[PDB]
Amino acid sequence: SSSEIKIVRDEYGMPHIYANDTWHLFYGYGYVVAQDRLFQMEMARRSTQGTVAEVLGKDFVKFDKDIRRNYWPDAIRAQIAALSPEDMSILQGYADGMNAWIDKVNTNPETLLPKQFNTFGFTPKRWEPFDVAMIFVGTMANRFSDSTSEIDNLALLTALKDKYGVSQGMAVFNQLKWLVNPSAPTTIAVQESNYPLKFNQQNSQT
């Protein structure tokens, strides 16, 4: 059967999803996620979009503004609109499977609503593809692939130039924050290859 999704959980509660097409497979996955981790997923959804202060209040207003200033939601929706039907199924199947369990939860809350929703006073809402994509963007691109301190580096450099003079201030900057260090231990041995690019280390752009 093309309409059948079978979910088998092992002795540690780990779900295995058996299904015949993409949309059914990811619908199963979303459905067990909503079963196991609904409050965690809902606070991750508000964390990655900057909507924490609506349920948690005034201490989270700066947080929410910082999250929103660091991304451009229309550029994410445009990437979602360019997917092929097979790829879009992954995301849409996942959000639909979550929605299926959230519907059962909001229909029978006396036994199925996670305790923390009563504790913090609010109830789950339905997901769309955009929300699934934003879990990954906010917790993998946005936190962990977005590191820079270029503006603080420049204020360090400027204060080293005042202390030691223009050329000397630069050379101390290179002692503290070198561009490369040829003695660093590397995952690839030097007998296999080395990186081929060389970079300016004088701040030649000023």
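The first residue of the shown sequence is 1; numbering continues from there.
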- [ ] Look up the CA B-factors in the entry and say which stretch, 5-13 or 180-188, has the higher mean.
- [x] 5-13
TODO: Taking the mean of the C-alpha B-factors per stretch from the entry, tell me the winner out of 39-47 and 58-66.
DONE: 58-66
- [ ] Tell me, please, which of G121, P73, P124, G97 has the highest C-alpha B factor according to the deposited entry?
- [x] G121
Task: Selection from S149, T139, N174, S167 [criterion: highest C-alpha temperature factor in the record] - done: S167
Task: For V52, the third of its chain into which the C-alpha B factor falls - done: lowest
Task: Third of chain Cα B-factors occupied by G93 - done: lowest
Task: For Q79, the third of its chain into which the C-alpha B factor falls - done: lowest
Open item on the list: Which third, lowest, middle or highest, does the C-alpha temperature factor of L112 belong to within its own chain?
Closed with: highest
TODO: Could you tell me which third, lowest, middle or highest, the C-alpha B-factor of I102 occupies within its chain?
DONE: middle
